[PDB]
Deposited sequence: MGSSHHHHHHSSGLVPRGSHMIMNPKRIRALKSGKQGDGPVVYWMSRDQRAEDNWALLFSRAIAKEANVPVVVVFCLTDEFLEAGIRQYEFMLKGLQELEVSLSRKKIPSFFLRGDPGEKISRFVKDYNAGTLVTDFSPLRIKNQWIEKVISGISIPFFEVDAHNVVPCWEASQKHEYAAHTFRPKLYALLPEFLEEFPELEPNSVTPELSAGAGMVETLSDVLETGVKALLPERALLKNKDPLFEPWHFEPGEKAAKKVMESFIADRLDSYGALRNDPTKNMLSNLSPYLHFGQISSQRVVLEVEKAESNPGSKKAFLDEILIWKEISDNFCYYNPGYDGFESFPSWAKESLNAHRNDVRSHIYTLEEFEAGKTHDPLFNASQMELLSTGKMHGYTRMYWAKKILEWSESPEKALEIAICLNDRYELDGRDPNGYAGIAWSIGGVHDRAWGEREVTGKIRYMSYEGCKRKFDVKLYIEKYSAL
């Protein structure tokens, strides 16, 4: 139990009641350092640990697709926590009011949360801090190396983050102890879900048909399903991962991101299991570079760049280049709605958007293509960011995520990239031509599937 995984958010005066884990990003009972640390604090204080989760007011900014995925996972999590004699409380409202009142009503001794560098989580933390008098910690349960330990600063390139992260893997890549049950046992989510779906229904994504776009059978939610997705990746897809990760016609990615986003599975767990797997070495190297380096550099980016969703966080070479080309005439301009409906003149863009609409998980390779075309066919880089973020967060099951803001910033602003050949409109931002994709994979086949 490495104390570098835990950080103080606010000093206070310990109470004598239960330890409260305010669960937010890591919605799982296994392999969860935030829950493990909370249990350990509780054991030392001779009190139970309890879990609280806030069903916030912001759910109406995404769709049923994410809400159902999350809540069905939480239904399973209730069962799992209760088998460990750990009660769970689902508070309807936003954390400032609800966590502060829970702490008071339940005489909590200590408050622990998990770690997210996103602005909304920090907004919540500030409001909670002002409503409590007990000590308040956070634990990095999402990264193998705690974000504030991996580097002291924003890293401008994967090649400067990678050696720092790997220098720390021998220390921090380690097995998880079993979660000790509590010593004794100290509105349903279904009804919550029904109420939420009712509120979301008018904005559900539909065909002109009125038939719903989303297909909810591609990724079944919850901890158990996540483990099966991990196991089938290692058994059936990891060998081919190195060769096929950039081919969106093949179903050869891990498909773990929706689970990783909600923390229904630990990336540290996935890494442990992949490390021990015997597969082609280039495949393992490639996969670990995505789930370790690119995933954790995305937390690095959001943690150290308050303006991570804005033009100002782009590297200076990219800001200067995009500025130099700000007044270039765009070959096309599309509205948010035209992008959203897949109604551009580019059939590969449209098919990428259709994959997002129907499955909630656009292939990683075409996400790069897609965001770069939003840059190319919008009035400014600032507008491009807004559109890409809006669509990514509204329709990706894995959205509203540091990987999203960092991936969009990479695509549009060259964050964690270098200058390439100068073009009009897009300046030196890496370009991803349609023709280049055709040389790379069977574009026609991808278009046929998603049209």
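- In sequence order, the deposited residues that have no C-alpha coordinates form the ranges 1-22, 209-217, 483-484.
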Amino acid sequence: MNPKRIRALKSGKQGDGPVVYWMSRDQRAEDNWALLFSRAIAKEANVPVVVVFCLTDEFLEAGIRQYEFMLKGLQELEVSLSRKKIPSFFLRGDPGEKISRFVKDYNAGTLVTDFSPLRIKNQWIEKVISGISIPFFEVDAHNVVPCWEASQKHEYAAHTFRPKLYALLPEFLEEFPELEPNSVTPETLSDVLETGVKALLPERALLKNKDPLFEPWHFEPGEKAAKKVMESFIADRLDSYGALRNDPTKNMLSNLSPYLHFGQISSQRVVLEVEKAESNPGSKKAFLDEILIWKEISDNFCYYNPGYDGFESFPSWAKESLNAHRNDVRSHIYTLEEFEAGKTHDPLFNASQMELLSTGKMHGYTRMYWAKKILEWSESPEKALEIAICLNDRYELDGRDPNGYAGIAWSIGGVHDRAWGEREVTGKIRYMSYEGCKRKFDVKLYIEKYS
From here on, numbers count along this sequence of modelled residues.
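- When 34-42 is weighed against 387-395, 34-42 comes out higher, by mean CA B-factor as recorded in the entry.
- As the entry records it, the average C-alpha temperature factor is higher for 46-54, out of 406-414 and 46-54.
- Comparing the C-alpha B-factors of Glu155, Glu337, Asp309, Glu296 in the entry, the top value falls on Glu337.
- The PDB entry assigns its highest CA temperature factor, among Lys164, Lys104, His142, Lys227, to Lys104.
- Sort the modelled residues of the chain by CA B factor and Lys13 lands in the highest third.
- When the CA B factors of the chain's modelled residues are split into thirds, the value for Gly73 lands in the middle one.
- Remark: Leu60 belongs to the middle third of its chain, ranked by C-alpha B-factor as recorded.
- Looking at the C-alpha B-factors along this chain, the one for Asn323 belongs to the middle third.
- Sorting the modelled residues of the chain by their CA temperature factor places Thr359 in the middle third.
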